[PDB]
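Okay, so here's just one chain, in structure tokens, the form deposited in one PDB entry.
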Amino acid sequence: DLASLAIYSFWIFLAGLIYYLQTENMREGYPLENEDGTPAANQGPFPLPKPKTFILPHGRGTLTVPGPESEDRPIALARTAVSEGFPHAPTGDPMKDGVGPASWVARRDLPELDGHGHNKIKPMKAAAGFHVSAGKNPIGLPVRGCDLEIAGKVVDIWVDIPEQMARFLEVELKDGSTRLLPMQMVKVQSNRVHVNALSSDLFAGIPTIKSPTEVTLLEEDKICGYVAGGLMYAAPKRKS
């Protein structure tokens, strides 16, 4: 009958949908590899999709996925076992090398631009109209590490203009040099800004930007990577 045909037709539709959906979610990361980077034997039941091309918005070109997969950087790790499936230890300083929780990817070394072609993320000084609106204004507050030492002080807030949102705090060290800390990794207290992920002595090691007005996508990744990786690697210096 009518209802039996409807439901049976549905289950066949659903199986085509699951299929299509799963192949869509294979335009990155694939094909699978062995721990040594060569192509894995078993790829599972699903084929790679036919590539699609994004025309990027500001003449920044083209993206085609799936397409040739590579880390355009060296991985400082070694096997800890003779067979698949085990941890790969850092062969150096995991923080400095950018591995594990401290990983970054080699994104493009341009900043992200808004709809009109302007840098999405300005320091607030260079951003006209933009003021702290509610909550404690962090600019001027000293910055503390997970070891209970002072590392620097906040000298500006870098804001997302189109989101109208604080993405970073620019922080001055005893060098007189600045760093970016992500908003999402600091507690703005009343009398200070606290940073759990990093101890004071690791602040110098934060990756620095090559133009004090702007950040690139490559640079946010190295910075956010660095400081997040501290949650694991700076924990001999974390106190409570």
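Note that the rigid core is defined as the largest set of C-alphas that superpose within 1.5 Å between two forms. In case it trips you up, residue 1 is the first one in the sequence shown, and so on.
There is another form of this protein, the form deposited in another entry, and it is not shown here; the text below is about that form.
Just one of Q184, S211, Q43, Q189 has a CA that shifts 2 Å or more between the shown form and the other one on a core fit; which is it?
-> None of the others reach 2 Å, which leaves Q43.
C-alpha of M26: shift of 2 angstroms or more between the shown form and the other one, rigid core aligned?
-> Comparing the forms between the shown form and the other one, which are aligned on their rigid core, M26 does shift its C-alpha by 2 Å or more.
Since the CA distance of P66 and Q43 differs by 3 Å or more in the other form, is it closer or farther than in the form displayed?
-> Farther is correct, given that in the other form the C-alpha spacing of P66 to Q43 is increased by at least 3 Å.
Could you tell me whether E35 and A102 have their C-alpha atoms closer or farther apart in the other form than in the shown form, knowing the shift is 3 angstroms or more?
-> It is farther: in the other form, the C-alpha atoms of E35 and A102 lie at least 3 Å more apart than they do here.
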